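Taking the form deposited in one PDB entry, here's one chain by itself in structure tokens.
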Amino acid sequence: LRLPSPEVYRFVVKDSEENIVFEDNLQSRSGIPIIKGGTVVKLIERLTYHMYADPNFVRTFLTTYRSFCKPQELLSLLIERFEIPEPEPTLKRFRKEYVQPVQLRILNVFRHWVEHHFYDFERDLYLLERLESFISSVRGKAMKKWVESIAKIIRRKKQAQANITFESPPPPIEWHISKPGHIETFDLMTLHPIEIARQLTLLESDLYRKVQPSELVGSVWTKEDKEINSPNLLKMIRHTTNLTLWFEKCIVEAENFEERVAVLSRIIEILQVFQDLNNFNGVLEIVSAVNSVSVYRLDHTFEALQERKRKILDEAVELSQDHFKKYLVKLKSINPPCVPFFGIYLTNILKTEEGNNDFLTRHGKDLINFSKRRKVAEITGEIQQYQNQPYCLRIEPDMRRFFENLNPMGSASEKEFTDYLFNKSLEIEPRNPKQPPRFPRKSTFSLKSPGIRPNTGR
């Protein structure tokens, strides 16, 4: 009874379809009403509601909010929420049934915020200055525990900001023609295919484990705030592009037909080791390379593959068909560790982003579509389940450095570079029915694969 005037406290404007929308269905009957959308004011209100706790909304909100609210603005709204004015009189119930419950719900939000999304503060020291200054100003007797708990989390995050443990013997590193410390001799064909697969899998596992759901929500990696909203996603996308184009480049620049067949075969071996390692990211990067317009059209090179190499490629390619029907089946059947195919989460998020309005309307004046953010958090959520299981393989630092530095494009555009691959493809297997032209090798190394049975393994 008796809140302050909406005129001095924007959160207590009356609930109407002007400001807030709930799901009206059989699920929303029992218990905590389910939010479909509202003004950001109204969503903040319900994020810190006096009448009940809402752990599920707090989790979804803090995962998704960056698609509709800046971190600086969220802090401003939680402080605005916190600074609750006195009701209009002619306080004791107001203070214990409204204020204290609301202020604890705010401090609970801050606690989830610094616990699970401290990257927001790592990305913006000013954001953290504002949070530290505000939290240190809270002198409420019952607030004390919460304030201490938030301080302890910030201390732990700052520590680990400044400050690999094998649970079983990892396999011995495999060497082919390229020997350790000879990084200048590192090529697709001089490195061991087993170790190429292992070190790309370690690189790709590391890139994949660093991606936060929030880097995907509201397709933020394509918007202009992407380098800050999606740094880990964009490293992973740039990796995929560089490795996919490196495989294409290795195939199409092998002018000598025998060499090119040996190169395509070696790639397919690498694909088999990716499959053994449940690195489906790796599998579908190679699939991506071999269905590329510049490599797809090399009918003579494909034809000359051993039927067994052909078979492994066909099975891999089929994982991708019918909207990755078989990949999705395979992914649910394997034992981690694994690197999921990252592309399909991007695709399925673009479809969900594109297909749902960011807003319910402009008649209520920016009613945020929250249910849209819930559906995307279900997709980003699936990412999480394979991020907590590391590979029992050893880093080969110079191989790691080679693969981290892959730059097939050089200074050219993606476009300039894919035009080049295509002009090269037409040169090496022209659009005529004559046998493929016969070019000399420029490389001297044996074409012979050591295969994908471990050698030093034993």
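The first residue of the shown sequence is 1; numbering continues from there. What we label the rigid core is the largest C-alpha set whose atoms superpose within 1.5 Å from one form to the other.
What comes next is about the form deposited in another entry, which is not displayed.
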Check: Superposing on the core, which single option in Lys249, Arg260, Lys372, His192 has a CA shift of 2 Å or more between the shown form and the other one?
Finding: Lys372
Checklist line | Rigid-core frame, C-alpha of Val41, shift of 2 angstroms or more between the shown form and the other one | finding: yes
Next item on the list: Establish whether a shift of 2 Å or more occurs at the C-alpha of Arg105 between the shown form and the other one, with the two forms superposed on the rigid core.
Entry: yes
Next item on the list: Determine whether the C-alpha of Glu353 shifts by 2 Å or more between the shown form and the other one once the rigid core is superposed.
Entry: yes
